[PDB]
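Raw coords03.cif, mmCIF, N, CA and C atoms and all ligand atoms:
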data_my_file
loop_
_atom_site.label_atom_id
_atom_site.label_comp_id
_atom_site.auth_asym_id
_atom_site.auth_seq_id
_atom_site.Cartn_x
_atom_site.Cartn_y
_atom_site.Cartn_z
N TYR A 796 -8.08 -67.86 70.49
CA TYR A 796 -7.98 -66.58 71.20
C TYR A 796 -8.15 -66.87 72.69
N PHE A 797 -7.04 -67.16 73.35
CA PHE A 797 -7.01 -67.37 74.80
C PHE A 797 -6.64 -66.10 75.53
N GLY A 798 -7.36 -65.01 75.26
CA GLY A 798 -7.07 -63.75 75.90
C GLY A 798 -5.85 -63.02 75.39
N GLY A 799 -5.43 -63.30 74.15
CA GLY A 799 -4.26 -62.67 73.58
C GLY A 799 -2.97 -63.44 73.76
N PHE A 800 -2.97 -64.49 74.57
CA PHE A 800 -1.80 -65.32 74.76
C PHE A 800 -1.62 -66.24 73.56
N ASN A 801 -0.37 -66.47 73.18
CA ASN A 801 -0.04 -67.26 72.00
C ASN A 801 0.47 -68.62 72.45
N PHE A 802 -0.33 -69.66 72.22
CA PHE A 802 0.01 -71.03 72.58
C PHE A 802 0.32 -71.88 71.36
N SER A 803 0.62 -71.26 70.22
CA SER A 803 0.79 -72.02 68.98
C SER A 803 2.10 -72.79 68.93
N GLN A 804 3.06 -72.47 69.78
CA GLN A 804 4.34 -73.17 69.78
C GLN A 804 4.36 -74.38 70.71
N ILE A 805 3.32 -74.58 71.51
CA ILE A 805 3.23 -75.76 72.37
C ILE A 805 2.02 -76.62 72.06
N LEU A 806 1.06 -76.13 71.29
CA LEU A 806 -0.07 -76.93 70.86
C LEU A 806 0.30 -77.76 69.63
N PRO A 807 -0.31 -78.94 69.47
CA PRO A 807 0.01 -79.78 68.31
C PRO A 807 -0.51 -79.20 67.01
N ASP A 808 0.08 -79.67 65.91
CA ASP A 808 -0.32 -79.29 64.57
C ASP A 808 -0.70 -80.51 63.75
N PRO A 809 -1.75 -80.42 62.92
CA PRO A 809 -2.20 -81.60 62.17
C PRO A 809 -1.41 -81.88 60.90
N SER A 810 -0.42 -81.05 60.55
CA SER A 810 0.34 -81.27 59.33
C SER A 810 1.30 -82.44 59.47
N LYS A 811 1.96 -82.55 60.62
CA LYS A 811 2.88 -83.65 60.85
C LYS A 811 2.11 -84.95 61.06
N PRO A 812 2.62 -86.09 60.57
CA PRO A 812 1.98 -87.38 60.87
C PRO A 812 1.95 -87.72 62.35
N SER A 813 2.96 -87.31 63.12
CA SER A 813 2.94 -87.41 64.57
C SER A 813 2.55 -86.06 65.14
N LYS A 814 1.48 -86.02 65.92
CA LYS A 814 0.93 -84.76 66.42
C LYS A 814 1.78 -84.26 67.60
N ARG A 815 2.94 -83.73 67.25
CA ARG A 815 3.88 -83.16 68.21
C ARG A 815 4.07 -81.69 67.91
N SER A 816 4.27 -80.89 68.95
CA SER A 816 4.37 -79.45 68.80
C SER A 816 5.75 -79.06 68.28
N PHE A 817 5.97 -77.75 68.16
CA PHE A 817 7.23 -77.24 67.64
C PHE A 817 8.37 -77.46 68.62
N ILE A 818 8.14 -77.12 69.89
CA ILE A 818 9.16 -77.32 70.93
C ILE A 818 9.39 -78.81 71.17
N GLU A 819 8.34 -79.63 71.06
CA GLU A 819 8.49 -81.07 71.18
C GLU A 819 9.35 -81.64 70.05
N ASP A 820 9.18 -81.11 68.83
CA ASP A 820 10.02 -81.54 67.71
C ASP A 820 11.46 -81.10 67.90
N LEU A 821 11.68 -79.89 68.44
CA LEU A 821 13.04 -79.43 68.71
C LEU A 821 13.71 -80.29 69.78
N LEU A 822 12.96 -80.69 70.81
CA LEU A 822 13.51 -81.55 71.85
C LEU A 822 13.79 -82.95 71.33
N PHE A 823 12.92 -83.48 70.47
CA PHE A 823 13.13 -84.82 69.94
C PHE A 823 14.29 -84.86 68.95
N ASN A 824 14.47 -83.80 68.16
CA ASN A 824 15.60 -83.77 67.24
C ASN A 824 16.91 -83.44 67.95
N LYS A 825 16.85 -82.71 69.06
CA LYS A 825 18.08 -82.27 69.73
C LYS A 825 18.77 -83.41 70.47
N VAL A 826 18.00 -84.26 71.14
CA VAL A 826 18.57 -85.43 71.82
C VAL A 826 18.83 -86.49 70.76
N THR A 827 20.11 -86.75 70.47
CA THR A 827 20.45 -87.82 69.55
C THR A 827 20.23 -89.17 70.21
N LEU A 828 19.87 -90.16 69.41
CA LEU A 828 19.52 -91.48 69.91
C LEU A 828 20.36 -92.54 69.20
N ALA A 829 20.55 -93.67 69.87
CA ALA A 829 21.38 -94.74 69.33
C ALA A 829 20.68 -95.57 68.27
N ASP A 830 19.36 -95.44 68.13
CA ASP A 830 18.51 -96.25 67.24
C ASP A 830 18.69 -97.74 67.51
N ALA A 831 18.33 -98.12 68.74
CA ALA A 831 18.62 -99.44 69.27
C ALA A 831 17.62 -100.47 68.73
N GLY A 832 17.61 -101.66 69.34
CA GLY A 832 16.86 -102.81 68.88
C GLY A 832 15.37 -102.79 69.14
N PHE A 833 14.82 -101.68 69.63
CA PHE A 833 13.38 -101.56 69.76
C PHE A 833 12.71 -101.51 68.39
N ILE A 834 13.37 -100.90 67.40
CA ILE A 834 12.98 -101.09 66.01
C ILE A 834 13.33 -102.52 65.61
N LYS A 835 12.50 -103.13 64.76
CA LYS A 835 12.82 -104.44 64.22
C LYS A 835 14.08 -104.35 63.36
N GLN A 836 15.05 -105.22 63.64
CA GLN A 836 16.40 -105.02 63.13
C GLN A 836 17.06 -106.27 62.59
N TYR A 837 16.47 -107.46 62.76
CA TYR A 837 17.17 -108.67 62.37
C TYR A 837 17.23 -108.84 60.86
N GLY A 838 16.25 -108.30 60.13
CA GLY A 838 16.35 -108.24 58.68
C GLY A 838 17.47 -107.34 58.22
N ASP A 839 17.74 -106.26 58.96
CA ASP A 839 18.86 -105.39 58.64
C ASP A 839 20.19 -106.03 59.01
N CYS A 840 20.24 -106.73 60.15
CA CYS A 840 21.49 -107.36 60.59
C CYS A 840 21.82 -108.61 59.78
N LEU A 841 20.83 -109.25 59.17
CA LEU A 841 21.09 -110.43 58.36
C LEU A 841 21.79 -110.07 57.05
N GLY A 842 21.32 -109.02 56.38
CA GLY A 842 21.95 -108.57 55.16
C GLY A 842 23.18 -107.73 55.44
N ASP A 843 24.34 -108.19 54.98
CA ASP A 843 25.61 -107.50 55.23
C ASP A 843 25.68 -106.27 54.34
N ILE A 844 25.40 -105.10 54.92
CA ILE A 844 25.46 -103.83 54.22
C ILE A 844 26.46 -102.93 54.94
N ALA B 647 7.09 -105.36 68.19
CA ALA B 647 7.91 -106.15 69.10
C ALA B 647 8.03 -107.61 68.69
N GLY B 648 7.96 -107.92 67.40
CA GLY B 648 8.03 -109.29 66.95
C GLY B 648 6.83 -109.67 66.10
N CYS B 649 6.23 -110.83 66.33
CA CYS B 649 4.92 -111.10 65.78
C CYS B 649 4.17 -112.05 66.69
N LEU B 650 2.84 -111.99 66.60
CA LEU B 650 1.96 -112.66 67.54
C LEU B 650 1.19 -113.75 66.81
N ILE B 651 1.25 -114.97 67.32
CA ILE B 651 0.62 -116.13 66.69
C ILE B 651 -0.43 -116.67 67.64
N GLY B 652 -1.66 -116.79 67.16
CA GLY B 652 -2.75 -117.30 67.95
C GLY B 652 -3.70 -116.27 68.50
N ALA B 653 -3.57 -115.00 68.10
CA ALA B 653 -4.47 -113.95 68.54
C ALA B 653 -4.87 -113.10 67.35
N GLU B 654 -6.17 -112.87 67.20
CA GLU B 654 -6.70 -112.09 66.10
C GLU B 654 -6.57 -110.60 66.39
N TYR B 655 -6.30 -109.82 65.34
CA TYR B 655 -6.20 -108.37 65.46
C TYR B 655 -7.56 -107.75 65.18
N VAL B 656 -8.07 -107.00 66.15
CA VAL B 656 -9.37 -106.35 66.04
C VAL B 656 -9.17 -104.85 65.88
N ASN B 657 -10.12 -104.21 65.21
CA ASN B 657 -10.10 -102.76 65.01
C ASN B 657 -10.89 -102.04 66.09
N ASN B 658 -10.60 -102.34 67.35
CA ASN B 658 -11.23 -101.66 68.46
C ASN B 658 -10.17 -101.12 69.40
N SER B 659 -10.58 -100.63 70.57
CA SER B 659 -9.63 -100.06 71.52
C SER B 659 -10.21 -100.19 72.91
N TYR B 660 -9.53 -100.93 73.77
CA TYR B 660 -9.93 -101.13 75.16
C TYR B 660 -8.79 -100.71 76.07
N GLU B 661 -8.98 -100.92 77.37
CA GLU B 661 -7.87 -100.78 78.30
C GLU B 661 -6.90 -101.94 78.13
N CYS B 662 -5.64 -101.70 78.50
CA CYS B 662 -4.60 -102.70 78.32
C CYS B 662 -4.72 -103.77 79.40
N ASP B 663 -5.03 -105.00 78.99
CA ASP B 663 -5.11 -106.12 79.91
C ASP B 663 -3.76 -106.82 80.05
N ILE B 664 -3.22 -107.32 78.94
CA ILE B 664 -1.90 -107.94 78.92
C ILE B 664 -1.01 -107.12 78.00
N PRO B 665 0.02 -106.44 78.52
CA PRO B 665 0.85 -105.58 77.66
C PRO B 665 1.85 -106.40 76.87
N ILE B 666 1.85 -106.20 75.55
CA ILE B 666 2.71 -106.96 74.65
C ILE B 666 3.93 -106.14 74.26
N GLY B 667 3.70 -105.00 73.61
CA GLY B 667 4.79 -104.23 73.06
C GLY B 667 4.44 -102.78 72.83
N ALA B 668 4.87 -102.22 71.71
CA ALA B 668 4.70 -100.80 71.45
C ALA B 668 3.26 -100.53 71.04
N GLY B 669 2.42 -100.31 72.04
CA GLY B 669 1.04 -99.94 71.81
C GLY B 669 0.09 -101.08 71.54
N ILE B 670 0.53 -102.32 71.69
CA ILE B 670 -0.30 -103.50 71.42
C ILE B 670 -0.56 -104.20 72.74
N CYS B 671 -1.83 -104.52 73.00
CA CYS B 671 -2.23 -105.27 74.18
C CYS B 671 -3.12 -106.43 73.76
N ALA B 672 -3.26 -107.40 74.66
CA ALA B 672 -4.08 -108.58 74.40
C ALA B 672 -5.02 -108.84 75.56
N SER B 673 -6.17 -109.44 75.26
CA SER B 673 -7.18 -109.69 76.28
C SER B 673 -8.05 -110.86 75.86
N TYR B 674 -8.80 -111.37 76.83
CA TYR B 674 -9.71 -112.50 76.65
C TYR B 674 -11.14 -111.99 76.76
N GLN B 675 -11.93 -112.18 75.71
CA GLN B 675 -13.29 -111.66 75.71
C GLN B 675 -14.20 -112.56 74.88
N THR B 676 -15.48 -112.19 74.85
CA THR B 676 -16.54 -112.96 74.21
C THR B 676 -16.63 -112.74 72.71
N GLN B 677 -15.85 -111.82 72.16
CA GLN B 677 -15.93 -111.51 70.73
C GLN B 677 -14.61 -110.96 70.22
N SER B 689 -18.30 -116.91 71.44
CA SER B 689 -17.31 -117.82 71.99
C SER B 689 -16.11 -117.06 72.56
N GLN B 690 -15.31 -117.76 73.36
CA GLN B 690 -14.15 -117.15 73.99
C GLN B 690 -12.94 -117.23 73.06
N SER B 691 -12.20 -116.12 72.95
CA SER B 691 -11.02 -116.07 72.11
C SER B 691 -10.07 -114.99 72.61
N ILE B 692 -8.81 -115.10 72.20
CA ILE B 692 -7.78 -114.12 72.54
C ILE B 692 -7.63 -113.16 71.37
N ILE B 693 -7.76 -111.86 71.64
CA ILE B 693 -7.67 -110.82 70.63
C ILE B 693 -6.45 -109.96 70.91
N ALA B 694 -6.08 -109.16 69.92
CA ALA B 694 -5.00 -108.19 70.05
C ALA B 694 -5.48 -106.87 69.48
N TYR B 695 -5.18 -105.77 70.18
CA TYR B 695 -5.72 -104.47 69.84
C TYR B 695 -4.68 -103.40 70.12
N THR B 696 -5.02 -102.16 69.77
CA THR B 696 -4.25 -100.99 70.15
C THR B 696 -4.89 -100.38 71.39
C1 LIG C 901 1.98 -66.88 67.52
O1 LIG C 901 3.36 -67.03 67.12
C2 LIG C 901 3.55 -67.53 65.79
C3 LIG C 901 5.04 -67.70 65.59
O2 LIG C 901 5.67 -68.11 66.80
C4 LIG C 901 2.93 -66.56 64.79
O3 LIG C 901 3.06 -67.08 63.47
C5 LIG C 901 1.45 -66.35 65.12
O4 LIG C 901 0.90 -65.36 64.25
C6 LIG C 901 1.28 -65.91 66.57
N1 LIG C 901 -0.14 -65.80 66.90
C7 LIG C 901 -0.83 -64.66 66.79
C8 LIG C 901 -2.28 -64.73 67.17
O5 LIG C 901 -0.31 -63.62 66.41
#
Please rewrite the model in this file as structure tokens.
Amino acid sequence: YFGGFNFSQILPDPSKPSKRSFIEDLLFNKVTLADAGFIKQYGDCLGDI
Amino acid sequence: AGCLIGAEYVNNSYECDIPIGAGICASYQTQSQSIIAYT
């Protein structure tokens, strides 16, 4: 109760494993990413799939 | 960011001395002298 103001859409929630808010999740899902080599990838690139 | 050979992983958290990769840092401390790796 912050004086009647609703901050529930920008505050984090404990249900998600990553403590990101609703608008943060919308921003992260909206920007598509290339899924580059920052993830470990040589095991995926070795197996021809 | 790969794997680290020659540094023990500790379950503590300090300031980042030597930045390694995604959330992993390494430092030189007394706990004899040794190189550790932490978050
Ligand atoms: C704040 O908004 C959410 C939906 O955006 C709503 O579920 C919640 O009840 C609101 N908070 C209050 C105190 O009404």
Proximity of chain A to chain B: per-residue shortest pair, 8 Å limit, all atoms listed in the file, as JSON lines:
{"residue": "A:833", "atom": "C", "partner": "B:647", "partner_atom": "CA", "distance": 6.7}
{"residue": "A:834", "atom": "C", "partner": "B:647", "partner_atom": "N", "distance": 7.3}
{"residue": "A:835", "atom": "CA", "partner": "B:648", "partner_atom": "N", "distance": 6.8}
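With atom CA of residue B:672 on one side and atom CA of residue A:832 on the other, the separation reads 22.4 Å.
Put simply, atom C1 of ligand LIG 901 (chain C) is 5.4 Å away from atom C of residue A:801.
Once all atoms listed in the file are used for the distance check, the residues close to ligand LIG 901 (chain C) at 6.5 Å turn out to be residues 801, 802, 803 and 804 of chain A.
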How about saving the chosen residues, N, CA and C atoms kept, as a JSON list (two decimals), in the frame of the given file?
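Output saved as part-v1.json:
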[["chain", "number", "residue", "atom", "x", "y", "z"],
["A", 801, "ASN", "N", -0.37, -66.47, 73.18],
["A", 801, "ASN", "CA", -0.04, -67.26, 72.00],
["A", 801, "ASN", "C", 0.47, -68.62, 72.45],
["A", 802, "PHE", "N", -0.33, -69.66, 72.22],
["A", 802, "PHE", "CA", 0.01, -71.03, 72.58],
["A", 802, "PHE", "C", 0.32, -71.88, 71.36],
["A", 803, "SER", "N", 0.62, -71.26, 70.22],
["A", 803, "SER", "CA", 0.79, -72.02, 68.98],
["A", 803, "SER", "C", 2.10, -72.79, 68.93],
["A", 804, "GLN", "N", 3.06, -72.47, 69.78],
["A", 804, "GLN", "CA", 4.34, -73.17, 69.78],
["A", 804, "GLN", "C", 4.36, -74.38, 70.71]]
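For the pair atom N of residue B:694 and atom C of residue B:655, the interatomic distance is 5.2 Å.
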Padded axis-aligned box of stretch 648-658 of chain B (4 Å per side), centre and edge lengths, Å, one decimal, as JSON:
{"center_x": -1.6, "center_y": -109.2, "center_z": 67.2, "size_x": 27.3, "size_y": 24.2, "size_z": 12.4}
Because the input lacks atoms here, generate N, CA, C and O atoms for stretch 647-671 of chain B and report them as a compact mmCIF listing (two decimals), in the frame of the given file.
# COMPACT_ATOMS: atom_id res chain seq x y z
N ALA B 647 7.09 -105.36 68.19
CA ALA B 647 7.91 -106.15 69.10
C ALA B 647 8.03 -107.61 68.69
O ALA B 647 8.20 -108.47 69.56
N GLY B 648 7.96 -107.92 67.40
CA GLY B 648 8.03 -109.29 66.95
C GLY B 648 6.83 -109.67 66.10
O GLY B 648 6.46 -108.91 65.21
N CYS B 649 6.23 -110.83 66.33
CA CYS B 649 4.92 -111.10 65.78
C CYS B 649 4.17 -112.05 66.69
O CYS B 649 4.76 -112.82 67.44
N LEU B 650 2.84 -111.99 66.60
CA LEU B 650 1.96 -112.66 67.54
C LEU B 650 1.19 -113.75 66.81
O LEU B 650 0.55 -113.47 65.78
N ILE B 651 1.25 -114.97 67.32
CA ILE B 651 0.62 -116.13 66.69
C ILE B 651 -0.43 -116.67 67.64
O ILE B 651 -0.13 -116.98 68.80
N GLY B 652 -1.66 -116.79 67.16
CA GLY B 652 -2.75 -117.30 67.95
C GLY B 652 -3.70 -116.27 68.50
O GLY B 652 -4.57 -116.62 69.31
N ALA B 653 -3.57 -115.00 68.10
CA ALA B 653 -4.47 -113.95 68.54
C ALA B 653 -4.87 -113.10 67.35
O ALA B 653 -4.01 -112.65 66.58
N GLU B 654 -6.17 -112.87 67.20
CA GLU B 654 -6.70 -112.09 66.10
C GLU B 654 -6.57 -110.60 66.39
O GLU B 654 -6.71 -110.15 67.53
N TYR B 655 -6.30 -109.82 65.34
CA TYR B 655 -6.20 -108.37 65.46
C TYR B 655 -7.56 -107.75 65.18
O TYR B 655 -8.13 -107.95 64.11
N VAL B 656 -8.07 -107.00 66.15
CA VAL B 656 -9.37 -106.35 66.04
C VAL B 656 -9.17 -104.85 65.88
O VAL B 656 -8.17 -104.28 66.33
N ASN B 657 -10.12 -104.21 65.21
CA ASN B 657 -10.10 -102.76 65.01
C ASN B 657 -10.89 -102.04 66.09
O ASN B 657 -11.76 -101.22 65.80
N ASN B 658 -10.60 -102.34 67.35
CA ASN B 658 -11.23 -101.66 68.46
C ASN B 658 -10.17 -101.12 69.40
O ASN B 658 -8.98 -101.15 69.07
N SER B 659 -10.58 -100.63 70.57
CA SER B 659 -9.63 -100.06 71.52
C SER B 659 -10.21 -100.19 72.91
O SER B 659 -11.26 -99.62 73.20
N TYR B 660 -9.53 -100.93 73.77
CA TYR B 660 -9.93 -101.13 75.16
C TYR B 660 -8.79 -100.71 76.07
O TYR B 660 -7.76 -100.20 75.63
N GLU B 661 -8.98 -100.92 77.37
CA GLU B 661 -7.87 -100.78 78.30
C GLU B 661 -6.90 -101.94 78.13
O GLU B 661 -7.26 -103.03 77.68
N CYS B 662 -5.64 -101.70 78.50
CA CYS B 662 -4.60 -102.70 78.32
C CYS B 662 -4.72 -103.77 79.40
O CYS B 662 -4.54 -103.49 80.59
N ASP B 663 -5.03 -105.00 78.99
CA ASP B 663 -5.11 -106.12 79.91
C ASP B 663 -3.76 -106.82 80.05
O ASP B 663 -3.21 -106.91 81.15
N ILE B 664 -3.22 -107.32 78.94
CA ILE B 664 -1.90 -107.94 78.92
C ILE B 664 -1.01 -107.12 78.00
O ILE B 664 -1.25 -107.08 76.79
N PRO B 665 0.02 -106.44 78.52
CA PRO B 665 0.85 -105.58 77.66
C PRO B 665 1.85 -106.40 76.87
O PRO B 665 2.63 -107.17 77.42
N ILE B 666 1.85 -106.20 75.55
CA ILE B 666 2.71 -106.96 74.65
C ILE B 666 3.93 -106.14 74.26
O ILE B 666 5.07 -106.52 74.55
N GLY B 667 3.70 -105.00 73.61
CA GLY B 667 4.79 -104.23 73.06
C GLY B 667 4.44 -102.78 72.83
O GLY B 667 3.77 -102.17 73.67
N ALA B 668 4.87 -102.22 71.71
CA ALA B 668 4.70 -100.80 71.45
C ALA B 668 3.26 -100.53 71.04
O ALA B 668 2.91 -100.51 69.86
N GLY B 669 2.42 -100.31 72.04
CA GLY B 669 1.04 -99.94 71.81
C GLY B 669 0.09 -101.08 71.54
O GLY B 669 -1.07 -100.82 71.19
N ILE B 670 0.53 -102.32 71.69
CA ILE B 670 -0.30 -103.50 71.42
C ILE B 670 -0.56 -104.20 72.74
O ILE B 670 0.37 -104.45 73.52
N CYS B 671 -1.83 -104.52 73.00
CA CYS B 671 -2.23 -105.27 74.18
C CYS B 671 -3.12 -106.43 73.76
O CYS B 671 -3.67 -106.45 72.66
